[PDB]
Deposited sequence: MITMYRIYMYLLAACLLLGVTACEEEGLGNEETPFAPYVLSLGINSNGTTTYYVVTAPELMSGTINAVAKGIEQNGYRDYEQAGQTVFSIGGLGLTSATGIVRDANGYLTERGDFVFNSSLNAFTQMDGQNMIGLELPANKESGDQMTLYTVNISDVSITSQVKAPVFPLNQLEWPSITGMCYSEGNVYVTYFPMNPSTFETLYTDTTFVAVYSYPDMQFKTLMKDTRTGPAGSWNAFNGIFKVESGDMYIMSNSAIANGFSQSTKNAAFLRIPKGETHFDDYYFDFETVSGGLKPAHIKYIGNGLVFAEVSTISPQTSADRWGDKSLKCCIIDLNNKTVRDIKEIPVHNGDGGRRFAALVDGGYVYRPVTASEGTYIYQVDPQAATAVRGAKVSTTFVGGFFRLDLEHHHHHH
């Protein structure tokens, strides 16, 4: 065993061998030198996995056939171990933290796959379903079947960002409206369908990038309408809007990202703190049908929501994104760390968010990084 006990940093290394992607959840004692790898260390996880952290639990969420999420925690000996099992029916369309002890997870049933969706309440420390409730899909499918891009909990309301998409043709014919559906917790009664016409739908296909909460409890949405991230068309400039804490309207905030960036669209976002967002931003302009789904040629930027500015991190090379999955970026010790997979290989880059400058760190022997966390002992 080459695992270093109590090594804080957790990386899920996605490694392509003979066509198949296998995940190795490894730890690293530091991020700035050495080589992070899965030689003689790691929790091997087969199948499609994506990763989300809450508290000191990393959830390994199975996909493409796998219908469970598994906890990963640090045991008292300093080693990672698997803990618990949350079984769902088909796919976990959204998953977000409700409070210090609980996640909520939303699962859709097309219109023939069922009529009701399910909200699961999952205990973080036990990794187990505490309660579950059913709700109609409508009005999420009023125009077309929804494609869910995020979920947030605020003061007893559940907020769901989505865009309509025909599940068989993949057409996204409705891009002129931001949609946020709002439900009451715990019963999932429908409260309101928020609409806004200053930008397009929030988030993009399976990218978990539609909505996020900041220190005040306010929420922001991100619209990119990006063909490169899965839309079939684009009609309105990429932008951020804001929902006041616990409320059900958009306020006067509006950040025209697309014009400030000189015509570009964000692909992936992570809130850093203090109004700053770390982002991968497509350098393709205009994106066309030839770019669709590719998530190619991204740069890294700091987005300042307070001042409505965009600053390029010039030391990070242009690189292709990981597509429709969660953004593997780690906010740690006042920096943001991002594995950058490019022609030279994969390296962790340490980003100073105030200066918008980066330092190259550890090399990572992997195909891509599927998750990136700091896990302490509880």
item: Non-modelled portions of the deposited polymer sequence, in sequence order; value: 1-29, 139, 409-414
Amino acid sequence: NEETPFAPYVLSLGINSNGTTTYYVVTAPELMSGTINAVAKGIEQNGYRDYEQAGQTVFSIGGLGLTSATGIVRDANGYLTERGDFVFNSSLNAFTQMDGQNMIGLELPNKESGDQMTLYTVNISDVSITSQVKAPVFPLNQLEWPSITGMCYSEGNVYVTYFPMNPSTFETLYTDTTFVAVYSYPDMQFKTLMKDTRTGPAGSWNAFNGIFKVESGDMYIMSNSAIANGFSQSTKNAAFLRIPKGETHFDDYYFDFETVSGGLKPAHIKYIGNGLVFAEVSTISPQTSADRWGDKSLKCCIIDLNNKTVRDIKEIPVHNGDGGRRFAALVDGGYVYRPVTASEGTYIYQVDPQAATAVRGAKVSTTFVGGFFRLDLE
From here on, numbers count along this sequence of modelled residues.
| property | result |
| --- | --- |
| Mean Cα B-factor comparison, 71-79 or 166-174, giving the higher one as deposited | 166-174 |
| Comparing 205-213 with 230-238, the one whose average Cα B-factor in the PDB entry is higher | 230-238 |
| Most elevated Cα B-factor in the entry, residues 28, 39, 313, 58 | 39 |
| Which of 158, 221, 117, 277 ranks first by CA B-factor in the deposited coordinates | 117 |
| Assigned third (lowest, middle, highest) for the C-alpha B factor of residue 50 | lowest |
| Position of residue 356 among the chain's modelled residues by C-alpha B-factor, lowest, middle or highest third | middle |
| Assigned third (lowest, middle, highest) for the C-alpha B factor of residue 266 | lowest |
| Lowest, middle or highest third - CA B-factor, residue 348 | lowest |
| Among modelled residues of the same chain, the CA temperature factor third for residue 12 | lowest |
